[PDB]
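Participant: Experimental structure below, sequence on top.
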Amino acid sequence: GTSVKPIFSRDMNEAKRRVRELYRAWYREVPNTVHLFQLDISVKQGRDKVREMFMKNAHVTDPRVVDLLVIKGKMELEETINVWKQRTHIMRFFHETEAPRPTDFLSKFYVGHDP
Amino acid sequence: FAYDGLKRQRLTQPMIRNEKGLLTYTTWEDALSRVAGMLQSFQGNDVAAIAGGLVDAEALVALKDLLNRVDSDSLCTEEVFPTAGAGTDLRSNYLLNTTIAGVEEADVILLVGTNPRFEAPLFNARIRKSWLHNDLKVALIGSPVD
Amino acid sequence: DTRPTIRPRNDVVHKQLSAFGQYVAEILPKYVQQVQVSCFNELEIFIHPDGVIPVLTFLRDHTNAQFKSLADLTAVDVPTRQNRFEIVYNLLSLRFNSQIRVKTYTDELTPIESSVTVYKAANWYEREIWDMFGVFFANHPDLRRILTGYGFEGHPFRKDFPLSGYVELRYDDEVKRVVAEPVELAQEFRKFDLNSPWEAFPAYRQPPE
Amino acid sequence: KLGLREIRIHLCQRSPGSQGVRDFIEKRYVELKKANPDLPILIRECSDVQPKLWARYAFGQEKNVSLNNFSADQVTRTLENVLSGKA
Amino acid sequence: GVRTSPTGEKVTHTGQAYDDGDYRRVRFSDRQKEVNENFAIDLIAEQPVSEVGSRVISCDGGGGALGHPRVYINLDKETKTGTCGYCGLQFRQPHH
Amino acid sequence: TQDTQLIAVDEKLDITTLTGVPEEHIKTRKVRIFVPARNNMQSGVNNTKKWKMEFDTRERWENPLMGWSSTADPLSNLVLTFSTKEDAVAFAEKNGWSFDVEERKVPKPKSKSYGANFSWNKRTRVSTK
Amino acid sequence: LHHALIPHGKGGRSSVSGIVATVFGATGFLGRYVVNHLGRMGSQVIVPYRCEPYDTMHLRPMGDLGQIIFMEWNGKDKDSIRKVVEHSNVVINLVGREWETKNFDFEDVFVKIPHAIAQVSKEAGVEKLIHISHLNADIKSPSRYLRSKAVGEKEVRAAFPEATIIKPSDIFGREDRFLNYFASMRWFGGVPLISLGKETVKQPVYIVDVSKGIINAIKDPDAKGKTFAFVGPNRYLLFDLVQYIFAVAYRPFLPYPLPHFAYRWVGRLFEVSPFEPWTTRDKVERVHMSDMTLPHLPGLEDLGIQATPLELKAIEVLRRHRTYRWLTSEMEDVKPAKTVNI
Ligand SMILES: NC(=O)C1=CN([C@@H]2O[C@H](COP(=O)(O)OP(=O)(O)OC[C@H]3O[C@@H](n4cnc5c(N)ncnc54)[C@H](OP(=O)(O)O)[C@@H]3O)[C@@H](O)[C@H]2O)C=CC1
Ligand SMILES: [Zn+2]
């Protein structure tokens, strides 16, 4: 039962393939989305935001899912290009308001019963 | 009928003694600093522990590890169990080996120094069921309790 | 049916859908797994995933079936079943005033080629399924998040998605803009355990599986 | 302290690998204990687990050795060397 | 009978009385707490006890359909005037 | 039986990245199963037949106002349903989640004999019905 | 902690942090941001308001249900303070008027009320108090801004033994009347500043860095008594502000080194309008005066709060002044001002 239907990625390379131009478009996308949307964010930290998003999920090996984030990431890009998304939506990725969650067991302990 | 005990006299804050030796509400830093300071300059037999009765094994592992890294391996308990012989050595010496689910077919039970009616009510319930059905013959040494 | 409490049954059409169900079953036995009708004169014929094109193309074009009115494109999550997502079609015949209903099974990833050709009504429904349940459909003209919020995360009608959600919103002065903080409810949803532990209906009871 | 405090074994009731230690604590267990009216060996017998050894030396020094399929005559050799250096 | 706390804070029939150290008392200045002065405990206490010579008395509570379900009241306890759980109206058995 | 360029997926399915749950809510959330014990006051049994996905309980602080139990645990109110434990774990592993197991509480054989309740040399005689 | 004062929650809106921060005069700039920070993790911030409730209405959204408890108060009334800080476990002073009012002599706004709220708070039974001084607080300076600040600073220091006094530098923010001010010479005239700016070095600080300072000072127990100074990341010679601000707004640069003599006249004429003294005689020498280093008192950097550069965020306040043709211009098109600093 290991053999199942693929979406677009017949192999790993095609999954690697689709990630490529997805970043090609998105890397070409950061400077202007800031420019039109009047975001007070420099281009540089916009670009590597896409970078660490890209390997915040670049750990799974199943070829059926990796291209599903490709189309999901593909269309999260489409919604941004044509001023559908607003200032709150672009900034929403740039997490601002919440304090950093605890790092050491000392900080987990001092906040509360939460782990 | 023990949930109401949870609400009465419940410790909620790090409780330390003030300059008058009166227990007072303080943050975690003071309580942590108080214990940490007096344990650094004390090793070996200078540190020990007294195990309670209702503390999980997870804290037991932590307190064994905490004392042994200080080389304070004197992890003492409350219920005194004779160390002479193989008490702590062999698990058989401190186990209900036959298991409560197994005591059914036993012909005779020699209870030694026990009042299971109150000492362990669930244990006494299982004997009574086996007493009524399996014709179990119990035998208690000591007080002629009910 | 002298008693007025229960609704009367209607047998003449009840046999008619079953006859039509076998009629559809014999024509295309490659894709019909099983067909059955319920008490309330509602027939359902069950199709295989890759069968969205011809079965509807059948019902849309057959001279003796001609079911063209696309009713609804629903999905029903069943976590127990491996293919938890169950895409459900529904067609109405104008001339024969009947309601066919075909449903398939699909995993989270496995696609369905878009049935916008047989019914362009499905196109706008198709957007909702990937928004509402999240099942992607193959070769769809424009399959968009159309009903949920912009840049939402996940699929809310997956039964693993909290009713309250994951992100709450508020207007923040220090940014002069709406910021999406994680949810922090004023009151917790007081779930109610509403399941009588006695047998409800001996009829529909599941035997020891 | 270089001396061992708790010498912890972990054997199974049915494992053939644990059979060697099973024979060990069947005949030479009492001899091991009477030679040590002191720091004991911790049996903590279990099921379907490969026979395992922990040495709880003093001042937080622990280390393990594997005893799967290890005969009774020479599991005593194994515990001999670790307890050989204790003073 | 509404009772006041040391800081002039009148208590409710449930017994809630925020102490001075409670920070949650600041919503109370410049404004007021609404207190149901008709304390539900003592507008039932003054109500008398009716005398019915039967072992079981119905307790519809008047108003016919406008009331509480007619739970039947057992009346044989000489030391305890049988009251209804719904309405609390104490019923009594003539002193033999 | 389904031959259309099928990919031989030998790795266990991990759909965790699609559902987009927060990262603190996929690792720091012990997920557990069991078949509910019957409510001892209710002799009915038609509830101990399904496995469920329930989570660990986080803190419940009282509201500064009237006193609702304000919570920030979105996953707490997520009692799922499962026909069999094999399907239960299948959901658990498919979106890989730190999980534990539990065995179905199975009844034992109640050897009942109403004729036993009355006897001559047997002690199971009952004094009052 | 008190039975209900004990904290609880994940820092959400409906999470009790156990800090009851009654802030004084929050209806402007720093008050708006601190309550925003105060209400973020949840706290009973009792704000005594004195103006029309309409102008205080915009503080409501940054608080959970029953959190932003506006309370009527008056500066002269002794009992007015005692009612608003009676149950507040912490008191954050923010009173003070950067401009002048006939009824409010400049001594009062930094001596009378700050002393008039510090002693009541200590009599009520509070734990902490934070009165906001100025980084340049100095009575001997010709600045009545500085003259009133310093004497009041030590009064609350003397009155309150645990008075954690904060001395921030020239804060900047959306309504700082410092950046939007320095954009306003183009509207007013030909930049009548003194000596073309080559006589004054200042160290602006972004307000959120300041506001995060107090709340971090709230959780810090050792902050009592210690007099923390909130200083920006880099200093800036006065001329660099003028050209940079006129650059990040695309304004016609018309600098003019008007000496102090005639620039003092325009101060009173700006106070002439009996609705708001746009610029005061105090504000004449206020900008001419430079900021002393003040290195001995601890700063926010050791308190866990870093400092955000001014040039990092300018159009966030200055895009409003940018004309339609250049409203879209960000920092990158504009050169950074010369960082005349340490
Ligand atoms: N760069 C700067 O501007 C710096 C300023 N400071 C000081 O910080 C304090 C607050 O600054 P900021 O928030 O920007 O100022 P704002 O002018 O924006 O707000 C000042 C606040 O003080 C209140 N207030 C002042 N005097 C009285 C009074 N007599 N009675 C009642 N309320 C009064 C006001 O209430 P209302 O609006 O109702 O009048 C208002 O809420 C001031 O003392 C300021 O000088 C310190 C360091 C740097
Ligand atoms: Zn009644």
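Facilitator: Nice, thanks for sending it over. Residues are numbered from 1 along each chain as shown, chains lettered A, B, ... in the order given. Ligands and ions are numbered 1, 2, ... in the order given.
Participant: Show me what from chain C comes close to ligand 1.
Facilitator: Contact residues of chain C with respect to ligand 1, defined by C-beta under 6 Å from any ligand atom, are absent. Quick note: C-beta positions are derived from backbone N, CA and C, even for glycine.
Participant: Tell me which residue of chain C lies closest to ligand 2.
Facilitator: Closest approach between chain C and ligand 2, counting by C-beta to the ion: residue C:192, at 29.0 Å.
Participant: contacting residues for that residue?
Facilitator: For residue C:192, no contacting residues are found, by C-beta atoms under 8 Å, 6 or more residues apart in numbering or on different chains.
Participant: Distance check, the residue lying closest to residue D:12 once chain neighbours are set aside against residue D:24.
Facilitator: Spatial nearest neighbour of residue D:12, excluding adjacent residues (C-beta to C-beta, 6 or more residues apart in numbering or on different chains): residue D:18 at 4.1 Å. To residue D:24, residue D:18 is 10 Å away according to C-beta to C-beta, to the nearest Å.
Participant: what do you get for residue F:81?
Facilitator: Taking C-beta to C-beta, one finds residue F:81 at 51 Å from residue D:24.
Participant: Residue B:132 now?
Facilitator: According to C-beta to C-beta, residue B:132 and residue D:24 sit 45 Å apart.
Participant: hmm, back to that, what about the residue nearest to residue D:12, how many residues nearby?
Facilitator: Look at residue D:18: counted by other C-beta atoms under 10 Å in any protein chain shown, it has 27 neighbours.
Participant: Quickly find the element holding it.
Facilitator: In this structure, residue D:18 is located in helix D:16-27 according to DSSP states H and E.
Participant: Which SSE is immediately downstream of that helix?
Facilitator: Next along from helix D:16-27, by DSSP H and E: helix D:29-34.
Participant: which neighbours does the helix or strand just after that following helix have in its sheet, and in what orientation?
Facilitator: Next in sequence after helix D:29-34, counting helices and strands by DSSP H and E, comes strand D:41-42. With DSSP bridges as the test, strand D:41-42 is paired with strand D:4-10 (parallel).
Participant: residues making contact with the strand it pairs with?
Facilitator: Residues from elsewhere that reach strand D:4-10, judged by C-beta under 8 Å, 6+ apart: B:68, B:73, D:21, D:39-44, D:46, D:49, D:51-58, D:67, D:79, D:82-83, D:86.
Participant: ok, longest helix in chain C?
Facilitator: helix C:11-27 (DSSP state H).
Participant: Could I get the buried residue list for it?
Facilitator: C:14, C:16, C:17, C:20, C:21, C:24 (16 or more other C-beta atoms under 10 Å in any protein chain shown).
Participant: how far away is the first one from residue G:329?
Facilitator: This points to residue C:14. Residue C:14 is 74 Å from residue G:329, by C-beta to C-beta.
Participant: try the fourth one
Facilitator: Computed as C-beta to C-beta, the residue C:20 to residue G:329 distance reads 70 Å.
Participant: Can you tell me what sits against the helix or strand residue B:35 falls within?
Facilitator: In the assignment (DSSP H and E), residue B:35 maps to helix B:28-40. Residues from elsewhere that reach helix B:28-40 (C-beta under 8 Å, 6+ apart): A:109, A:110, B:14, B:15, B:16, B:47, B:70, G:221.
Participant: quick one: that helix to chain centroid distance?
Facilitator: 26 Å (C-alpha atoms, centre = their mean, to the nearest Å).
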